[PDB]
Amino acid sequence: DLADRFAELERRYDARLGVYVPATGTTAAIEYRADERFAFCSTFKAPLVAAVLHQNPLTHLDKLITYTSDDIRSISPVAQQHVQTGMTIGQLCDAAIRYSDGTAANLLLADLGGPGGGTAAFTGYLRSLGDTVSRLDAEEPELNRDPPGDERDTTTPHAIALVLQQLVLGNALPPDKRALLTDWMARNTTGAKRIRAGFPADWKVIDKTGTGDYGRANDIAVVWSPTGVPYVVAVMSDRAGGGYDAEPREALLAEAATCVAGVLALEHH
C-alpha cells in the first residue's frame, strides 16, 4: 500500500522516485526502486569527506589549498568567497557538505586521488566499503549532467544508504573523525525542504542533498527518534519528461520523507 502511495507521488510530480530505509531491529526495510540507478549529484560529497578523513590524520584538515578563479566552473558560494586567500582541507569539507560547493568537492577529489584520478579514488573508497554498484566518473558540474539511463555518476537508494549507515552509524570512521562528518551534515543549509520537512521537529536530522539536470533532486539523511533510535533515509528523484532543464521537486522529497516518518513513528502497541 506504501508502494501505491509512492506510485501516486510519481504520477503527480511526473517523476521517478527512489526510496530506501534499511530494516532496524524493530522495523522492516522500506524499498521503492531501491536498486534502480539515480544520479548521485552532490550526495557523493558525504562519502567523499569520509574518504579524505579516513586516508589522513586530522592534522591534514589544516592544509591550505590554493586555487584560482579558473577552477570555479560550478556553483561555489564558499569557494568564491575564499578564492584569493585559499581554503584549508577542513574548510573545503565544511563547504562541500554544508553548501554543496562544487569547487570544494573538486579540490577534495584532487586531494584524494591527484589530478585526473579523483573519481577513480572516490569510487574506490566506496569499493573499500563493500559497495560494488555505485560509481563516480566526472567532476562538477558535468557529473550533474549525464542523460537518464547512463550509468555514469549513478548510485542507487539502496547502495548510498548502506554507505551512509557505515559512515554515520558504523565503524568506517573512528569517533573523532565520524563526529566531524556528522557535525557538518547536522549543520547543512541546503536541506530544510527535503527529508527535514517530512519529519517532526523532535526527530534529529543530518543530511546531504543533491540537485541536477532532468529535474534531479536527492536527499540522503540519518534521522534520530526523540529517544535516540536511528534510521537511514535515502530519497532520490528525477523528471526526464521535462528535458535537461526540467524543474526538480523538493516537495516530492518532503512528501516521501513524510510517508517514511509516518511508518517509523507510529507505534501500534
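A residue's number is simply how far along the shown sequence it sits, counting from 1.
*Asks:* Between 189 to 197 and 121 to 129, name whichever shows the higher mean Cα B factor according to the PDB entry.
*Replies:* According to the entry, 189 to 197 carries the higher average C-alpha B-factor.
*Asks:* Take the C-alpha B-factors listed in the entry for 175 to 183 and for 70 to 78, compute each mean, and give the stretch with the larger one.
*Replies:* Higher mean C-alpha B-factor: 70 to 78.
*Asks:* Ranking the modelled residues of this chain by C-alpha B-factor as given in the entry, is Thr211 in the lowest, middle or highest third?
*Replies:* According to the entry, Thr211 has a C-alpha B-factor in the chain's lowest third.
*Asks:* By its CA B factor, does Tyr32 count among the lowest, middle or highest third of the modelled residues in the chain?
*Replies:* Its C-alpha B-factor, which the entry lists for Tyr32, ranks in the middle third among residues of this chain.
*Asks:* Ordered by C-alpha B-factor within the chain, which third holds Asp219? Give me lowest, middle or highest, please.
*Replies:* Bottom third by C-alpha B-factor.
*Asks:* Among the modelled residues of this chain, does the Cα B factor of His60 put it in the lowest, middle or highest third?
*Replies:* For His60, the deposited C-alpha B-factor lands in the lowest third.
*Asks:* Sorting the chain's modelled residues by C-alpha B-factor, tell me whether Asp146 ends up in the lowest, middle or highest third.
*Replies:* Ranked within chain, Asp146 CA B lands in the highest tercile.
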